[PDB]
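What the coordinates show
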Amino acid sequence: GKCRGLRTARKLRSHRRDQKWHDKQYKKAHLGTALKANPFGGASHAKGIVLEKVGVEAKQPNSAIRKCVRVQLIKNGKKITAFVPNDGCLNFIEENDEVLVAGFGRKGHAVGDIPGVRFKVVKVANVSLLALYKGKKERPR
Amino acid sequence: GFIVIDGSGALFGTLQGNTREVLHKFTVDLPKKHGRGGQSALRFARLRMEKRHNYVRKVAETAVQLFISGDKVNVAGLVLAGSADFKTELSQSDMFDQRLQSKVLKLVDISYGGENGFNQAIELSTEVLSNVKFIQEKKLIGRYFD
Amino acid sequence: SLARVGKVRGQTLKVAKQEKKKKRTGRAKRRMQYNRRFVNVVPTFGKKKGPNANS
Amino acid sequence: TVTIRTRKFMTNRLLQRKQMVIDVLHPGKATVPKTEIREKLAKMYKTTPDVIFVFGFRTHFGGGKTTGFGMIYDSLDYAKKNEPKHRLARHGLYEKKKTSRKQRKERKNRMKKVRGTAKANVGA
Amino acid sequence: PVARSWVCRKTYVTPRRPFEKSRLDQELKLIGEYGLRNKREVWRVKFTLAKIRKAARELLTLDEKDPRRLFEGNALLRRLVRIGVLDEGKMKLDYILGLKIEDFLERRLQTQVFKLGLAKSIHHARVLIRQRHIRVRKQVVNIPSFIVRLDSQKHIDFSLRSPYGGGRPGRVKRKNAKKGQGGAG
RNA sequence: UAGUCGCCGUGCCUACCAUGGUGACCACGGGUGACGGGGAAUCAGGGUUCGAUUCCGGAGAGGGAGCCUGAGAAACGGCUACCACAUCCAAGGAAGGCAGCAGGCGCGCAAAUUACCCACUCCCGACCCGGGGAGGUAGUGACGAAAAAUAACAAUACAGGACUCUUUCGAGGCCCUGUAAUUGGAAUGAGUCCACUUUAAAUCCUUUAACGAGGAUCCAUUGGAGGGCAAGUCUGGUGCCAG
Ligand SMILES: [Mg+2]
Ligand SMILES: [Mg+2]
Ligand SMILES: [Mg+2]
Ligand SMILES: [Mg+2]
Ligand SMILES: [Mg+2]
Ligand SMILES: [Mg+2]
Ligand SMILES: [Mg+2]
Ligand SMILES: [Mg+2]
Ligand SMILES: [Mg+2]
Ligand SMILES: [Mg+2]
Ligand SMILES: [Mg+2]
Ligand SMILES: [Mg+2]
């Protein structure tokens, strides 16, 4: 503070109330455009259909072909590049199957090589992708 | 695609030009009509129709899962199938999607409920899959057996 | 390209896992660990080598 | 090898009876049954064992002490006149009816449905 | 609307730094000494201590001759002297800051039993206690954590209903006696 | 100012006069993913966010409106309309509202058995006698809290360490600590399971006979091992490929 007056409570509080908005994160929390724009709409997971398999190329120093997958959500209809992680797990993901998608730990921010891919697959057809990779369970056919 | 319903159990299967495929099948323990007499029998048909509709909800959910793709069908045709008016509840149900009602290709009755009935419902389809060589074969070999 | 999916994990040699003596558990296991820290060894000169330090 | 002291004993002037928590000592064995307990209190209290109704014993953990509440009524006629239905069916001399509560309710509404003489025909 | 309590809380708090090498050392030293099952078991003690130090500061911070401070301090003192940590001559809440966890861990029953010598090891002592082998003033004790007051410390001995006590042998001697007897004939 | 209504005071309403009232001390208007409070989470001290939710107060039973009956209702498990939606007809007609309990459809990432009882607590009624999906009791339930098993001991070897001894290496063992698929018997539930108790009738738990453990095979997991960050330069495969 600078006005250390005994009766400037109002003037102070007002000033604070104006400047909280210049903080980028508060504005992020309280204006709705971010929450609405986010397809997750303040959610951890979201279900969606696989419609095509895509090999997105990595950024520099690194060099790799990341295996992503174009899902279309049911509730909104928005389109997402959900990335499948680990080794040999893509042969499992068949086309036209429901997968539960989650975030990527960054709250609206791209991560490393995969440019603009904030989402990863957890399940396939009520079957944990982990269980398929480990070999505990099998795909129902 | 093909959905096959029965009080016994369901079955889902696809159909290429020549090849016939099977996607999924399942069971549900829907308890039967006798259930419990005297006390329940009068209010049995009402509770049972609710439970049958719940089975219908599960079948409906499978058709959305399969035949819908972002509220838009990816597979071209969808042949619903069942006996005792199972398919009609699936057709007219509100869970069944409207963009899909636009493209309801056909509903088909069967007996016993299953793969042979799935095949028969294809035979009722026949005229619907006129472009397919499988249908032209079905018709030609039908005359050859005649 | 999408040709190379699942190459290496597969081509590696699927070796069967060998059997081992079951490890002690619980309170007793923690006791043993304490003992391997303090009560067994005696003071030694220099820098201490790690538990799994092999060479 | 049983021993029995009394606890919180009291003289009720309004039912003219005595009531007390029976502190038992019973090392090395299960909760002793009520039939024997009643005969033995009967001989304890110089009263017939017909009237002594005792209940709610609970053996403590460790196993050398149960605790159950007890009271002794002046007559059989007065006790039967003014005693719980569940506490007689404990023994069997009384026996509650075994018609389920929902079936009584369904009876009530089924009788509630029809007017007139058919009421008699309502019961089966 | 229901007839229930729903009053419960966590009894402990985890440490703020997870991989202090000195901390790991300390928890292991104390484990080795007293035969505990895990680290939570200690930390819940750390929580009780946290409560004690925080209240102790509150009374020291109050003005002297506060009737609240005197009564509350003397009650805390009653509990500590009863357990028999501080001496009744020694009772004054400044010494609580010069005070350590080991004195409270000393009055656990597994330790007090090994110190008494009636158990070979501290771990054996634990196995006995959990095996319901011993009693205290006609009360069977299943729980090793039981804080023993000084009054009830002296009266520990074997139980009468026990294979070790004057009673029937346990399940294994039942098997070894029945099996060995059958081996005889 | 004078009346109307109303149980009274008042633009509550009617008529006649006067022309006032609020505003940078943020009115007015718009928003609120806002029923309120008692409280919860977090914390050095200051503070920050949350609080539909078992206690209190408010409002509401498809949408709005209107009313009889009553001490008390603008009642919704009472009526009458219009609107929205639904059910049968012999064609004239009939009947409707789970934001009560169970259960169900639908939405979804997302949520339980159409169970038993007035025996406890209280309530209603003309009541010593009736009723109570309020309530209680069981079933499911890894939202979470408390305690606590999955081995302990001895004797033999060995490696070591305080002792005597020994030039070291070794020797003597009152002392030990650890280890050794080397033996030795001692001890337990979990469970199985007679019998009571429990309790409305049961169940669970506590007590108790009889089986129930030597690798006490009655097989404890999840994540990690360059740094951040406790912890393999061990071995084999791949070679900017896969990850
Ligand atoms: Mg308050
Ligand atoms: Mg309230
Ligand atoms: Mg209020
Ligand atoms: Mg309302
Ligand atoms: Mg109404
Ligand atoms: Mg109703
Ligand atoms: Mg009502
Ligand atoms: Mg509703
Ligand atoms: Mg009652
Ligand atoms: Mg209820
Ligand atoms: Mg790090
Ligand atoms: Mg390290």
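Conventions adopted
Residues numbered from 1 in each chain as written, not as in the entry; some residues may be left out. Chains lettered and ligands numbered in written order. Part of a larger assembly, values for the part shown. Heavy atoms only, no water. Pairing = 2+ DSSP bridges. Helix = DSSP H or I, 4+ residues; strand = E, 2+ residues; numbered from the N terminus. Axes fitted to C-alpha atoms, helices over the stretch in contact; angles between N-to-C directions. Patch = residues over 30% accessible without salt bridge, like charges linked within 9 Å, V, L, I, M, F, W, Y side chains within 5 Å. Areas by Shrake-Rupley, 256 points an atom, 1.4 Å probe, with all protein chains shown as cover. Salt bridge = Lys/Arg side-chain N within 4 Å of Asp/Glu carboxyl O. Buried < 20%, exposed > 50% of the residue type's maximum accessible area, 1.4 Å probe, protein only. Polar contact = N/O pair within 3.5 Å; in protein donor to acceptor, adjacent residues only side chain to side chain. Contact = heavy atoms within 4.5 Å. UniProt positions renumbered as here; feature names shortened; annotations may be inferred. Buried area = accessible area lost by both parts, 1.4 Å probe. Nonpolar A, V, L, I, M, F, W, Y, C, P; charged D, E, K, R; others polar.

Per the PDB record, this model was obtained through cryo-EM at a reported resolution of 4.1 Å.

This part takes up the sheet that holds strand β2 (residues 17-25) of chain D. Residue and element names in this part refer to chain D. As summarised here, the arrangement of the four strands in space is β1-β2-β4-β3, forming an open sheet in which the pairing is antiparallel. Of all the strands in the sheet, the pair left with one neighbour each is β1 (3-12) and β3 (53-59). When strand polarity is set aside, the average angle formed by the axes of neighbouring strands in this sheet is 20 degrees. Two elements, β2 and strand β4 (residues 66-72), share six bridges in a ladder whose sense is antiparallel. For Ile-22, the partnering residue across the bridge sits in β4 and is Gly-68.

Another point: a nonpolar patch on the surface. All names here are of chain B. On the surface, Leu-140, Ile-141 and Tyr-144 cluster together to form a nonpolar patch covering roughly 420 Å² of accessible area. Position of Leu-140 relative to the elements: it lies in helix α5 (residues 133-145). Take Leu-140: its relative accessible area is 59%, and that puts it in the exposed class.

The next subject is the pairing of strand β1 (residues 45-57) of chain A. Of the strand pairs in this sheet, β1 of chain A and strand β4 (residues 98-102) of chain A are connected by five bridges, and their pairing is antiparallel. Bridged to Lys-47 of chain A within β4 of chain A is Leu-100 of chain A.

With that settled, consider the side chain of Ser-162 of chain E. Residues and elements named next belong to chain E. Take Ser-162: it is sitting in the loop between β3 (156-158) and α7 (171-184). Separated by 2.8 Å, the side chain of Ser-162 and the backbone oxygen of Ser-159 make a polar contact. Apart from the residues within four sequence positions on either side, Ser-162 is in contact with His-133, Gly-167 and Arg-168.

Below, the discussion takes up the sheet that holds strand β2 (residues 139-140) of chain E. Residue and element names in this part refer to chain E. Sheet architecture is open: three strands sit in the order β2-β1-β3, paired in antiparallel fashion. Each having just a single partner strand, β2 and β3 make up the two edges of the open sheet. Sheet analysis places strand β1 (residues 134-136) next to β2, joined by two bridges and oriented antiparallel. By the bridge assignment for β2, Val-136 is matched with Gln-139.

Before going further, it helps to examine the UniProt feature "domain: RNA-binding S4" (unreviewed entry) in chain E. The feature "domain: RNA-binding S4" (unreviewed entry), as given by UniProt, occupies residues 107-178 of chain E in the numbering adopted here. The span residues 107-178 of chain E carries 35% helix and 11% strand; its end-to-end C-alpha distance comes to 41 Å.

Facing seven residues of chain C, the contacting portion of chain E comprises 14 residues. Carbon and sulfur atoms make up 62% of the area that chain C and chain E hide from each other, which totals about 980 Å². The interface formed by chain C and chain E includes zero salt bridges. Across the chain C-chain E interface, the total number found is two residue pairs in polar contact. Residues that form the side of chain C that touches chain E fall into these classes: two nonpolar, one polar and four charged.

What follows is about the pattern of salt bridges. Taken as a whole and assessed by the stated rule, the structure comprises 15 salt bridges over all chains. A salt bridge links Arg-139 of chain A to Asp-97 of chain A; the nearest nitrogen and oxygen atoms lie 2.6 Å apart. Of this pair, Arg-139 of chain A sits in the segment after α4 (129-134) while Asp-97 of chain A sits in the loop between β3 (79-83) and β4, and the two are 42 residues apart along the sequence. Considered together, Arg-139 of chain A and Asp-97 of chain A belong to a single accessibility category, that of buried residues. Residue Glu-27 of chain E is joined to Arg-23 of chain E by a salt bridge in which the shortest nitrogen-to-oxygen separation is 2.7 Å. Separated by four residues within a single helix, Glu-27 of chain E and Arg-23 of chain E lie in helix α1 (residues 21-34), roughly one turn from each other. For the pair shown, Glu-27 of chain E and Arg-23 of chain E are each scored as buried. By sharing partners, the salt bridges in this structure join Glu-94, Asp-97 and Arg-139 of chain A into a single network.

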